[PDB]
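Taking the form deposited in one PDB entry, here's one chain by itself in structure tokens.
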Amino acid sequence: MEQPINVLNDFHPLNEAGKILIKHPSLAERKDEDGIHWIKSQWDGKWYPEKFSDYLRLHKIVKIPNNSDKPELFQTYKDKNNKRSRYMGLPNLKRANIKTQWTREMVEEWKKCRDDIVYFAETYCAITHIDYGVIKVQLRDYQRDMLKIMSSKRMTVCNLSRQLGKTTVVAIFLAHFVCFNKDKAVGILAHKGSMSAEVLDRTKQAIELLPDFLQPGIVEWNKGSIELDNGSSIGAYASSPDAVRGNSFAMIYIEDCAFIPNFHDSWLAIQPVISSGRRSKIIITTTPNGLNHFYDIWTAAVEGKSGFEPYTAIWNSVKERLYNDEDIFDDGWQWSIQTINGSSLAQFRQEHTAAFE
């Protein structure tokens, strides 16, 4: 007699020792509904179509309407044809201090965006589709949760895995912050100034696609910073105490925190900012890098020993990974095995499961 009767013959390297970290898909609940077969995921308890074709089919493909002739359709309207209203002849950018008249519905739609960040993102923000082109973004569940937390909590620390599309949500969040808040100076810090400039570029891209009524008048538009008519701005800097002390930020965003050398001095400098009577917001995102400065920040937050709200998302947050090479749902069995085999368990744990090793 070989292994017992009712024991699966499929094994996974992630289930390295007596502990089952990933359950085989054949053990999952199944059901038929809406004319197709569904399988329940062990990662979020949600139902997913068995066929990738259905998973894709169920996604809404909607383009960002191009309308520069009907102001009555203010939601998609942008007066680019009339260069006068344009910021230095720039078609997609609105000029500052341009006295304008609004209707009642316009004020309500503007307020709705100001108070519902997720609605704002999925109605006026977009991503580029390889073939369908530039379309409205359908936020992944983790992106939706991340947006809500960054917006509702004063200070947030995010421990993420790699390649989750997090820059997309950060850009949207920053665009939302400066477009619906007045006199807010935002500072983006990273190891290298060029890294911060990239985060700023993604944020500028989001603001550029916005319709006239949601888009603030542009006052400044540089590679290292921008300023809007409402007095809000964003600046890209290289992390250092000087950069922190050098400006009075209403919000500081730190990119890839665990990979910033000697971040300790920057962290110390940020303490007065945190404890300031102005109630500044602090947002940190990064993938882990061992037991260094970030591990200390993360642990304090998880332990509830600081004012930071912890948030985490790992490899299974990207649902396309839950379908195998044959376009069949397998809850990520194959994707994780190939990723581990192509690297190692240690690399996978750190890069894809946000472990501190």
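Throughout, we count residues from 1 along the sequence that is shown. The term rigid core refers to the maximal set of C-alpha atoms that superpose within 1.5 Å between the two forms.
Only in words, not in the display: the form deposited in another entry, which the text now covers.
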Subject >> Position with Cα shift of 2 Å or more, rigid core superposed between this form and the one not shown, options 167, 128, 222, 152 >> reply: 128
Subject >> Pair residue 205/residue 129, Cα separation in the other entry versus the displayed form, closer or farther by 3 angstroms or more >> reply: closer
**OP:** Once you account for a change of 3 Å or more, let me know if residue 128 and residue 80 sit closer or farther in the other entry, using their C-alpha atoms.
**Re:** closer
